[PDB]
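Chain by chain, the residues:
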Amino acid sequence: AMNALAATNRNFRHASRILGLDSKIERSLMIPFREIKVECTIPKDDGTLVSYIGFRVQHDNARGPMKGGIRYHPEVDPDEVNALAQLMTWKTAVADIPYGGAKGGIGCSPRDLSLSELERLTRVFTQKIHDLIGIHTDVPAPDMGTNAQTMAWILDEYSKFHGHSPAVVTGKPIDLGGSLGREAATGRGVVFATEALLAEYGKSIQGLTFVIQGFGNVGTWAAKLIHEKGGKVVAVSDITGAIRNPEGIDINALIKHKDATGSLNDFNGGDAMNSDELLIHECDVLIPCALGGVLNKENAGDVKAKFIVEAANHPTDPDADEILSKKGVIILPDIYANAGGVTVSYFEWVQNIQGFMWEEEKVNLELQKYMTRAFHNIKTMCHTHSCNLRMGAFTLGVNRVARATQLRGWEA
Amino acid sequence: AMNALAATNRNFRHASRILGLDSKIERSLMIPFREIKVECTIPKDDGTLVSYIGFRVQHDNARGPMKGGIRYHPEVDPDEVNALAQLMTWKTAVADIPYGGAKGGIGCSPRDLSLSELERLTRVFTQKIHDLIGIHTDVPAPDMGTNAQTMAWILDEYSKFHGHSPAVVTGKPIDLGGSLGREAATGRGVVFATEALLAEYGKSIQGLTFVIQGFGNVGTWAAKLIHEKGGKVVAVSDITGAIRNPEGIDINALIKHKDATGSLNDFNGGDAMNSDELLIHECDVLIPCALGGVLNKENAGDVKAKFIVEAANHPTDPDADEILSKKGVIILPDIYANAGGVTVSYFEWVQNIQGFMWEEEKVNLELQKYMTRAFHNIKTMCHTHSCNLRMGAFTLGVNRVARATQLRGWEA
Amino acid sequence: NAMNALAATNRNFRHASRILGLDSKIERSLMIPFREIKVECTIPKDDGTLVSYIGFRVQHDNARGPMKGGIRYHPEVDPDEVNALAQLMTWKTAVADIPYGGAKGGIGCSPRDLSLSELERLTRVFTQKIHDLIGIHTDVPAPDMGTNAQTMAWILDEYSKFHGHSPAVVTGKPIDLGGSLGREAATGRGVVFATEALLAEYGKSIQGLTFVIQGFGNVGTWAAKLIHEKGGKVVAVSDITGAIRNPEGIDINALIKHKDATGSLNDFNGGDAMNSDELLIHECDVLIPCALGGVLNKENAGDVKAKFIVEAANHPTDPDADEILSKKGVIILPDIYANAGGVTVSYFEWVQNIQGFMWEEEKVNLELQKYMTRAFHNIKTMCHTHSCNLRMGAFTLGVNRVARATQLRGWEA
Amino acid sequence: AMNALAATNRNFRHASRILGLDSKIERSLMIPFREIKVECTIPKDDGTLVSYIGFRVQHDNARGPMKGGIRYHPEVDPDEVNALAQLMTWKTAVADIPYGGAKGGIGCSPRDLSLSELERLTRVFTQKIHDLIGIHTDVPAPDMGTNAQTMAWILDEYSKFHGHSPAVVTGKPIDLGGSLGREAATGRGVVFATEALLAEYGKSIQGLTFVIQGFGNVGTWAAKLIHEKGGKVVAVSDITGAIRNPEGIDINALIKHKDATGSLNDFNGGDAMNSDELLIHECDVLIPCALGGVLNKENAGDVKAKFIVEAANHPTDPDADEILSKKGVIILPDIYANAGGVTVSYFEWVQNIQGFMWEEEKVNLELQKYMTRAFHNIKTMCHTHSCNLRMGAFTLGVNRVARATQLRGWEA
Ligand SMILES: NC(=O)c1ccc[n+]([C@@H]2O[C@H](COP(=O)([O-])OP(=O)(O)OC[C@H]3O[C@@H](n4cnc5c(N)ncnc54)[C@H](O)[C@@H]3O)[C@@H](O)[C@H]2O)c1
Ligand SMILES: NC(=O)c1ccc[n+]([C@@H]2O[C@H](COP(=O)([O-])OP(=O)(O)OC[C@H]3O[C@@H](n4cnc5c(N)ncnc54)[C@H](O)[C@@H]3O)[C@@H](O)[C@H]2O)c1
Ligand SMILES: NC(=O)c1ccc[n+]([C@@H]2O[C@H](COP(=O)([O-])OP(=O)(O)OC[C@H]3O[C@@H](n4cnc5c(N)ncnc54)[C@H](O)[C@@H]3O)[C@@H](O)[C@H]2O)c1
Ligand SMILES: NC(=O)c1ccc[n+]([C@@H]2O[C@H](COP(=O)([O-])OP(=O)(O)OC[C@H]3O[C@@H](n4cnc5c(N)ncnc54)[C@H](O)[C@@H]3O)[C@@H](O)[C@H]2O)c1
Ligand SMILES: O=C(O)CCC(O)(O)C(=O)O
Ligand SMILES: O=C(O)CCC(O)(O)C(=O)O
Ligand SMILES: O=C(O)CCC(O)(O)C(=O)O
Ligand SMILES: O=C(O)CCC(O)(O)C(=O)O
Ligand SMILES: [Ca+2]
Ligand SMILES: [Ca+2]
Ligand SMILES: [Ca+2]
Ligand SMILES: [Ca+2]
Ligand code: NA
Ligand code: NA
């Protein structure tokens, strides 16, 4: 259970060492451009007040407007938001999209708030950060605990202060300027990333078994698209519980059952298992799709997967990376594998600022090209620097940010 | 040495209980409106880069634009800036000036920077916070390690972004719209505060002995104006050392000597003394004028003063308060005694927005009037609530802030 | 016959710089204006045909505060003149110890040749072209030659379309639109105060002395009227139409009525026509130029008969004339002091506007007197410190104050 | 050498008389929209101050945002900037790109300034004009003495005041939103223009001899691309000297030599020649790529070229035009032949505001289309008005600006 920012800074310092970065540049790159904490106090439906703290860490904007989602989750805190924001900086650079990195969140439990309370909280948070975000400054998006409806409320409230600004947030509903393909983009990108990786070993998804932790926006689309590529999704978990079927779970039936009952439990097409054995389940490919830090020094040694594809942000800490590398496990890093979301967010933003939307086929074709080119550039760094996939992506992104920073200069 | 924010929060909660504040209002008043941390990187004179982190905590704005200084000191960190900012909210309310509270700082050692480096650092910090401050939003000022020249640079840089804005900062040089009386205002207010307290016992400054920790903007003017009221300043210290004379130090001579040599303890008109027994020196009145938290559980039992007048922000922690109370020591609290600075800053801001400067005698007569009225209001709270001077001031300030907050309301 | 106005003003500035011992880099920075702006101003005439003018606003220096200075409509407006006038505003505001820097603007046009509707359109288009450059705490215009309170009303009205009601963006306004009591008369009244201050140093006063006035507009009429009411004998007056003299003194109130009724000073029953180019060399105790700059120059200065010159116009005496006149024993009270009653009461008008509350005229004129008395005292101090004449006493006072503010602001980016 | 603005105004008045332009419209089109001169004072690396005067002439914006580069050169003065700005107005209209004309510069010698000094000067200039330029107002670019790195500093400083604004300047580094093709664009467009001209005579570049004055952004690319189309570049000069080779200079070798030594002198593949006989050197096509006014009444009669293609701005004054016309020399005018720079600048601006960059193949294909179309419209004007190439282009541009001006109207 390592501190999230300590783990991410360890990876950053490793990448900086591989690159030979100057120490003063390295320090500047670590320090976020701006960290914001704001009081967010709303009346509950019964009129009583509740106060939350909202966060937006704006890590780096050398390569363009900052980009990253907003997490509503009880474990949101400054270290977590800082770690996620720094990862967005490297992720956007690896994807070669013209963004820097940011992240925000509120430490709350959304399932304990009514829809009207969530809307008020979202609008108050927007009132408290509207002057610090913007189409060409910092563009939020969903993350854990938020979704396209959350984004609609941000858009609606932001637009009161600045006029109609569809490009100020991505992950919007289609009817409010959202992009076709954005809902499925992170899971679909995970599929593309997994296919690029497996192809290096002469393999494809068909017939392989997959274990998925988390069953939300990322986990459901990754599970559904892997299954439709012929993969055997043999175990899935979420906050409610876990299920397994060694012949592969009928993911579409699982989605129906989850929507209808609110639970993975009592699914007819699988067996209840202990959630805390999900990550060490037998499989070809393990895909964490929920919280970070879940693969650590305590359980990494029990991981049975041959490949790990990080759909979640920072699911594997650096202690686990070492334990797993010794076990022969290949790890496709978060800052590449889950970048389908922010890549299609970039396409959404482009569509909005161009005032004209794309067909879904074009969105998904561009997503594939970007994921293919990013993986190609990662492999080049891995070869240049004789390093593993995580450090190939991390050095790629750090190097691109350092270049843009140096071009912009340092005089006042 | 107790954590500064923990110490201030202990005092705040006690005050809230005295007032019977609802627990949700109590929590809201603790949480700052907005906390900002920004990277401040400059080239040094030799061209090499140095990176600092700048802070501005905007604690509360219910009563008006936020107000508070900018500290350049190596121990600046988020807990310190948050504690100072919260104290500004109570202090402005105690003074009955139409401001809320804020504070900023950079963790740096100004003596280690050249004048050109300090100017670049000040201008970059201003570039990083200009969108967060403003004449009717948040109005900075000096504190430890900054002075009127610093404020000139903030004014000059801010005005590039928003046009000429003299009232955006106070403590300015007279020639750029500063107020007569502001340089001396905190020390002069300390004198008025001390006179008010002493008169409750039939006493005057004339003939009493005083010990002063620190010899900067606050300590020099407190010592000089006490001396000119006939007080005997028997010991003085600063970062370089300490000097004592039980007959009274010639403060004007000491000021000349300090300016000529940069040190205190080789002064002809006194004897060197160990700086670490200054606070426990025999005196009628002890006036800390340097860092916070210097009267604590380790040394409070050895304090020999009959009265403590808090010129520094939070020089006495709550452990020390309890120890000193049992010894019969009477403590005039920071949020009253040092409020001359922010009160004359209010007058400076008024003069700027009115476009027309006042004579110094008007500034100082208004300062006296405000300090006499605030002391009376503190005494009223002390009598109503049967509480000590610190809690009289804290409850006065918190109550005023809570009242403004409740009038503004909570709907979105 | 005149020196170039900017060369003349820079020669005075360089001399003041030398007296003060200014560093050469600071000297150069203080010469260079903050910002010079030239804009096309094209309007339809009443018959629909187009006419194009060039408008100027030179923002010379803002170290001491919002820039301040009038707008001139006159055929001889050009960049050198506007730059010279703007630089003089910087020193004048500093001499007066008001919290402003210096700017000036203008249009090279002949207002007499435009209809009122054409003048209004031109003024509104000029405002449209510079509204983003000026502002209550940035640059605050005012009248000058060829413009008046009605001109300022149109600037206010057009500017407020872009920025909301902004009374303090311009001074010299009509009283009924936020103007200050006392501003119409302020420059002439300040000229009297300044003259009284100077004469008192010689144990004299206005009563019984003789005065010659060149120009009979906002400045010249009020200087002449108020001098006359203090017992001065105004023995010659000119404007663009002609010149009249009466060695026993002209009835200024009668002359005002005659000029109003006929549009001319000529054929006034209470004086004698004279050659307008002998006006400045007429016998008198005190000569007060109240029209164009550079009118005392190499060609006529040696024939000046006045004992005192009080500069109500901006830069009426060039440095060649200064030197000639100094050898003749003529004492010259400089424009950047003597005519500062206008900008001083403009400051008061601006204060009243931003404060939302207007003053009585008695308060305005009492404050004007205080400011003019204090400024003269400070000029005398500089004269004594630097062993220099009145012009250099004022110039060094202003330059020193601007340099001090500049140094405090600093130079890093 | 004639006055630059007098020469350009003479060409403008000539074009207006060909068009029968209304005399009032003519006068308005001559008068620039807005001329700006600003103080630019910086500390040097040793801390001493230096003051420059920065200029931005915004000549005409009837057809759209104004466009034109920034020159750092000791001969920069108001007449030169006014002349270049008026030429940008006609050039943009000839190219049929939706821009008006502007130009800027600072009278300085960049080679006498350090890189940090150049950066501070550039940033201060930007501070002084940021309120007067903008994506839809006035978009600068490089010119003599500035380059992509200069533009990066303008972008960076401007974005402090207005947020990230990549389209505010063109000629940016690729890694900061620059366009592929922009660096080579002016020289490449010179090639296209020359090819369109020569084709009118059944000629092409291959085999012909060229002389080039200047060897910077424009001269190096023009010479390189001409040589790669089989042209014989027989003489080249820059500020350091001149070389000739009647069999053709190896331009790639000359570039490498120039880079390594900083001089064209002592190039192993050419002979020194007197650089003030470069323009009168025997050749088929003469291409000035440096200062304006270099062909004048004194040397035009000695010109030996058959064609002059004006890559520099206003290299030929009207006295020379007449002398050369009598000699049968054909002159392809600057406002057409060098328009590849601004045309690809337009594509860069488009890419930036669209948030999505183009392939270089597309950039260069569009450049060719635009240059071919502009030449066709110039020939149409030459035939309609029985005038030479300069007046065909000048009348095309003036007529397009006059039309847009008339549509906008004149009431307040
Ligand atoms: N949404 C995106 O576009 C996107 C993009 C890239 C990366 N990510 C990352 O993907 C991960 C999932 O995000 P999401 O958008 O799917 O969130 P979501 O809120 O839609 O779903 C989160 C899922 O995780 C489950 N979960 C929560 N705690 C769990 C626990 N302790 N054990 C097991 N399951 C648990 C929830 O029940 C739910 O199934 C996060 O790390 C997020 O930062 C999201
Ligand atoms: N300046 C104001 O208007 C103002 C207003 C209210 C309260 N305060 C408080 O007053 C105190 C002093 O502020 P200032 O403006 O005088 O600062 P300053 O920087 O002008 O001077 C600080 C002084 O403290 C001394 N000092 C520092 N560390 C010391 C140590 N360990 N022991 C002894 N002396 C030490 C320095 O040597 C110097 O004499 C601070 O708590 C500040 O927050 C300042
Ligand atoms: N108005 C102010 O508040 C103010 C303030 C300070 C200084 N000034 C200066 O005072 C002078 C006059 O300004 P004003 O406001 O009275 O202008 P105005 O337009 O009201 O009047 C100008 C006067 O000068 C006369 N004049 C013009 N050319 C002349 C010539 N060749 N010979 C003789 N007389 C001539 C006109 O006929 C008219 O009488 C100018 O130098 C101006 O810059 C004006
Ligand atoms: N850069 C563009 O995109 C662009 C676009 C259109 C037109 N132009 C025009 O092209 C010309 C060159 O611009 P650039 O971008 O190549 O500039 P640059 O600074 O990159 O290079 C200028 C070149 O001219 C040479 N030079 C200077 N003075 C000279 C002299 N007296 N004799 C001979 N050579 C001399 C320099 O040594 C250098 O080789 C200028 O007229 C410019 O306005 C530039
Ligand atoms: O779409 C975006 O802007 C961000 C997507 C994400 O923030 O969830 C992420 O990549 O972690
Ligand atoms: O004058 C001000 O606004 C600042 C006062 C201060 O921050 O130094 C303080 O009261 O601690
Ligand atoms: O009142 C003003 O602001 C300006 C007065 C004036 O510009 O005419 C001047 O002093 O020359
Ligand atoms: O690319 C631009 O916008 C301008 C190109 C240039 O200014 O150098 C020119 O055409 O002269
Ligand atoms: Ca950073
Ligand atoms: Ca609060
Ligand atoms: Ca200047
Ligand atoms: Ca025009
Ligand atoms: Na009409
Ligand atoms: Na240096």
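### Concerning the overall build of chain C
Looking only at helices and strands, chain C features 13 helices and 13 strands. A compact globule built from 413 residues should have a C-alpha radius of gyration of about 22 Å, and chain C, at 20 Å, falls within 12% of that. With the C-alpha coordinates aligned to their principal axes, the bounding extent of chain C is approximately 55 × 55 × 45 Å. Counting all 413 residues of chain C, 64% fall into the buried class. Taking all contacts inside chain C whose residues are at least 6 apart in sequence as the whole, residues at least 24 apart take part in 67%. For chain C, the accessible area works out to roughly 15000 Å², and carbon and sulfur atoms hold 49% of it.

### Some thoughts on the relation of the copies chain D and chain A
Structural alignment of chain D on chain A gives an RMSD of 0.2 Å, achieved by rotating through 121° and translating 0.2 Å along the axis. What the rotation and shift describe, once combined, is the action of a three-fold rotation axis. The rotation axis passes nearest to the C-alpha of D:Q354 in chain D, at a distance of 3.2 Å. By residue overlap, the copies meet through two different surfaces: only 11% of the interface positions of chain D are interface positions in chain A.

### Digging into the environment of C:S52
With respect to the secondary-structure elements, C:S52 resides in strand 2 (residues 50-61). Note on C:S52: relative accessible area 8%, which makes it buried. If we skip the residues at most four places from it in the chain, C:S52 touches C:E40, C:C41, C:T42, D:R27, D:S28 and D:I31. Polar contacts involving the side chain of C:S52 include one to the side chain of C:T42, which spans 2.6 Å.

### With respect to the site of ligand 8
Residue and element names in this part refer to chain D. For ligand 8, the set of nearby residues contains 14 residues, the closest of which are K67, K91, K103, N313 and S345. In the model, an oxygen atom of ligand 8 is placed 2.9 Å from a nitrogen or oxygen of the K91 side chain. Contact between ligand 8 and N313: an oxygen atom at 2.7 Å from a side-chain N or O atom of the residue. Taken by itself ligand 8 offers 310 Å² of open surface, and the protein chains cover 93% of this. Where the shell around ligand 8 is concerned, the elements lending two or more residues are helix 3 (78-95) and helix 11 (340-353).

### Considering the sheet that holds strand 13 (residues 331-333) of chain C
Residues and elements named next belong to chain C. Here seven strands make up an open sheet; going across it, the order is 10-9-8-7-11-12-13 and the pairing mixed. Both edges of this open sheet fall to strand 10 (272-274) and strand 13, since each of them pairs with a single strand only. Sheet twist, expressed as the average angle between the axes of neighbouring strands with direction ignored, equals 20°. Bridging between strand 11 (residues 286-289) and strand 12 (residues 308-310) involves two bridges; their strand directions are parallel. Pairing of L287 across the sheet is with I309, part of strand 12.

### Examining the sheet that holds strand 7 (residues 209-213) of chain B
Residues and elements named next belong to chain B. Reading across the sheet, the seven strands line up as 10-9-8-7-11-12-13 and stay open at both edges, with mixed pairing between neighbours. Unpaired on one side and paired on the other, strand 10 (271-273) and strand 13 (330-332) mark the two borders of the sheet. In this sheet, neighbouring strand axes are inclined to one another by 20° on average, regardless of whether the strands run parallel or antiparallel. Sheet topology note: the strand 9 (residues 241-244)/strand 10 ladder contains three bridges and is antiparallel. The partner of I243 across the bridge, within strand 10, is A272.

### Observations concerning the domain arrangement of chain A
Residue and element names in this part refer to chain A. Along its sequence, chain A is carved into domain 1 (34-176) and domain 2 (177-412). Distance between the C-alpha centres of domain 1 and domain 2: 22 Å. Counting residues at the interface gives 43 residues for domain 1 and 36 residues for domain 2. In terms of surface lost to domain 2, no three residues of domain 1 exceed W90, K91 and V94, which account for 22% of the buried area on that side. Linking domain 1 with domain 2 are one salt bridge. A salt bridge links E348 to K172; the nearest nitrogen and oxygen atoms lie 2.8 Å apart. Applying the counting criterion to the domain 1 and domain 2 interface returns 13 residue pairs in polar contact. For the side of domain 1 that touches domain 2, the leading source of residues is helix 3 (residues 78-95), giving 12 residues. Along the lines of polarity and charge, the residues of the side of domain 1 that touches domain 2 split into 22 nonpolar, eight polar and 13 charged.

### Quick word on the interface of chain C and chain D
Between chain C and chain D, the contact holds 26 residues from the first and 27 residues from the second. Across the chain C/chain D interface, buried area totals approximately 2600 Å², and carbon plus sulfur atoms make up 57% of it. Considering only the side of chain C, the residues that lose the most area to chain D are C:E40, C:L50 and C:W411, jointly responsible for 22% of the buried surface there. Applying the counting rule to chain C against chain D returns four salt bridges. Taking the shortest distance from any N to any O, the salt bridge between D:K37 and C:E36 comes out at 3.9 Å. For the side of chain C that touches chain D, the secondary-structure elements that each account for two or more residues are helix 2 (24-31), strand 1 (35-44), strand 2 and helix 4 (116-130) of chain C. Among the elements that make up the side of chain C that touches chain D, the one with the highest residue count is strand 1 of chain C (eight residues).

### A word on the coordination of the calcium ion (ligand 9)
In this structure, A:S28 (O), A:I31 (O) and B:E39 (OE) serve as the protein donors to the calcium ion (ligand 9), at separations of 2.2 to 2.3 Å. With A:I31 in the loop between helix 2 (23-30) and strand 1 (34-43) and B:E39 in strand 1 (residues 34-43), the pair connects residues from two separate chains. Residue B:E39 is classed as buried on the basis of its relative accessible area of 9%.

### Some details on the side chain of A:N352
Considering the arrangement of structural elements, one finds A:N352 in helix 11 (residues 340-354). Discounting chain neighbours no more than four positions away, the residues touching A:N352 are A:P166, A:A167, A:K172, A:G177 and A:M357.

### Some thoughts on the interface of chain D and chain A
It is common to give the size of an interface as the accessible area that goes away when the parts come together. Opposite the 19 residues of chain D that make contact, chain A presents 20 residues. Taken together, the two surfaces of chain D and chain A that pack against each other cover about 1600 Å², and 51% of this comes from carbon and sulfur. Taken together, chain D and chain A are joined by three salt bridges. Among the salt bridges present, the one from D:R120 reaches A:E411, with a minimum N-O distance of 3.1 Å. The interface formed by chain D and chain A includes 11 residue pairs in polar contact. Among the secondary structure elements, those contributing two or more residues to the side of chain D that touches chain A are helix 4 (115-129) and helix 5 (148-162) of chain D. With six residues, helix 5 of chain D is the largest single contributor of residues to the side of chain D that touches chain A. The class makeup of the residues in the side of chain D that touches chain A is six nonpolar, six polar and seven charged.

Thresholds applied
Residues numbered from 1 in each chain as written, not as in the entry; some residues may be left out. Chains lettered and ligands numbered in written order. Part of a larger assembly, values for the part shown. Heavy atoms only, no water. Helix = DSSP H or I, 4+ residues; strand = E, 2+ residues; numbered from the N terminus. Rg over C-alpha atoms; globule rule 2.2 N^0.38 Å. Buried < 20%, exposed > 50% of the residue type's maximum accessible area, 1.4 Å probe, protein only. Contact = heavy atoms within 4.5 Å. Areas by Shrake-Rupley, 256 points an atom, 1.4 Å probe, with all protein chains shown as cover. Least-squares fit on C-alpha atoms. Polar contact = N/O pair within 3.5 Å; in protein donor to acceptor, adjacent residues only side chain to side chain. Near = heavy atom within 4 Å. Pairing = 2+ DSSP bridges. Axes fitted to C-alpha atoms, helices over the stretch in contact; angles between N-to-C directions. Domains from an automatic or database assignment. Buried area = accessible area lost by both parts, 1.4 Å probe. Salt bridge = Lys/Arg side-chain N within 4 Å of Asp/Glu carboxyl O. Nonpolar A, V, L, I, M, F, W, Y, C, P; charged D, E, K, R; others polar. Donors = N, O, S within 2.8 Å, 3.2 Å for Na, K, Ca; no water.

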